[PDB]
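Trainee: I have a structure I would like to understand better, so I am pasting it below and will then ask my questions one at a time.
Residue numbers (this note's numbering): 953 to 1028.
Here it is in C-alpha coordinates:
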(Lines of atoms letter the chains of each structure in order from A and count residues from 1; the text may use other names and numbers.)
(Lines give C-alpha, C1' and ligand atoms only; values in the text may rest on other atoms or scores of the structure.)
Protein backbone atom coordinates (compact mmCIF):
# COMPACT_ATOMS: atom_id res chain seq x y z
CA UNK A 1 0.00 0.00 0.00
CA UNK A 2 0.99 3.67 0.01
CA UNK A 3 -0.16 7.13 1.09
CA UNK A 4 -0.42 10.41 -0.82
CA UNK A 5 1.50 13.62 -0.14
CA UNK A 6 0.37 16.81 -1.88
CA UNK A 7 2.56 19.90 -2.13
CA UNK A 8 1.85 23.54 -2.98
CA UNK A 9 2.87 22.65 -6.53
CA UNK A 10 0.00 20.18 -6.87
CA UNK A 11 2.44 17.29 -7.19
CA UNK A 12 1.15 14.25 -5.32
CA UNK A 13 3.94 11.97 -4.09
CA UNK A 14 3.00 8.34 -3.47
CA UNK A 15 5.13 6.31 -1.05
CA UNK A 16 5.05 3.17 1.09
CA UNK A 17 4.86 3.68 4.85
CA UNK A 18 4.34 1.69 8.06
CA UNK A 19 3.11 2.69 11.58
CA UNK A 20 6.76 3.49 12.43
CA UNK A 21 7.07 5.94 9.55
CA UNK A 22 6.92 8.73 12.05
CA UNK A 23 7.09 12.30 10.86
CA UNK A 24 10.81 12.03 11.60
CA UNK A 25 11.28 9.06 9.26
CA UNK A 26 8.68 10.30 6.78
CA UNK A 27 10.50 13.63 6.51
CA UNK A 28 13.62 11.70 5.51
CA UNK A 29 11.76 9.84 2.76
CA UNK A 30 10.57 13.08 1.17
CA UNK A 31 14.00 14.65 1.58
CA UNK A 32 15.61 11.91 -0.50
CA UNK A 33 12.94 12.61 -3.11
CA UNK A 34 12.79 16.42 -3.12
CA UNK A 35 16.11 17.19 -1.41
CA UNK A 36 14.42 19.39 1.19
CA UNK A 37 16.18 19.13 4.63
CA UNK A 38 13.66 18.11 7.39
CA UNK A 39 14.08 21.75 8.43
CA UNK A 40 12.07 22.95 5.43
CA UNK A 41 9.61 20.05 5.57
CA UNK A 42 6.22 20.61 7.19
CA UNK A 43 3.52 17.94 7.23
CA UNK A 44 -0.05 19.16 7.76
CA UNK A 45 -3.08 16.89 8.14
CA UNK A 46 -6.65 18.01 8.82
CA UNK A 47 -5.64 21.66 9.09
CA UNK A 48 -3.63 20.47 12.09
CA UNK A 49 0.16 20.63 12.21
CA UNK A 50 2.13 17.48 12.98
CA UNK A 51 5.06 17.19 15.40
CA UNK A 52 8.16 15.00 15.43
CA UNK A 53 7.77 12.06 17.80
CA UNK A 54 4.29 10.83 16.91
CA UNK A 55 3.79 7.99 14.43
CA UNK A 56 1.35 7.49 11.60
CA UNK A 57 -0.47 5.08 13.89
CA UNK A 58 -0.59 7.72 16.63
CA UNK A 59 -2.19 10.37 14.41
CA UNK A 60 -4.57 7.69 13.17
CA UNK A 61 -3.16 8.26 9.69
CA UNK A 62 -4.17 5.62 7.15
CA UNK A 63 -2.12 3.86 4.48
CA UNK A 64 -3.93 5.72 1.72
CA UNK A 65 -4.55 9.03 3.50
CA UNK A 66 -3.58 12.32 1.86
CA UNK A 67 -0.93 14.46 3.56
CA UNK A 68 -0.41 18.17 2.93
CA UNK A 69 3.23 19.13 2.45
CA UNK A 70 4.29 22.70 3.21
CA UNK A 71 7.68 24.41 2.96
CA UNK A 72 9.03 27.01 5.37
CA UNK A 73 10.30 30.16 3.67
CA UNK A 74 9.35 33.60 4.98
CA UNK A 75 10.67 36.91 3.67
CA UNK A 76 7.97 38.89 1.87
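The beta carbon of each residue, even a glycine, is placed where N, CA and C say it ideally should be.
Go ahead and label residue 973 buried or exposed: buried means 16 or more other beta carbons lie within 10 angstroms of its beta carbon, across all protein chains shown.
Mentor: buried
Trainee: Can you give me the start and stop residues for the beta strand (DSSP E) that residue 1014 sits inside?
Mentor: Run containing residue 1014: none; DSSP gives neither H nor E here.
Trainee: By Cβ distance below 8 Å, which residues in the same chain neighbour residue 1005 in space, the five residues on each side in sequence not counted?
Mentor: 974, 975, 976
Trainee: Quick one: is the Cβ of residue 964 within less than 6 Å of any heavy atom of the ligand HEM?
Mentor: Although the ligand HEM was asked about, the structure shown includes no ligands whatsoever.
Trainee: If we call anything under 7 Å between Cβ atoms a contact, is residue 1030 one with residue 971?
Mentor: There is no way to answer for residue 1030, as the model of the chain reaches only from 953 to 1028.
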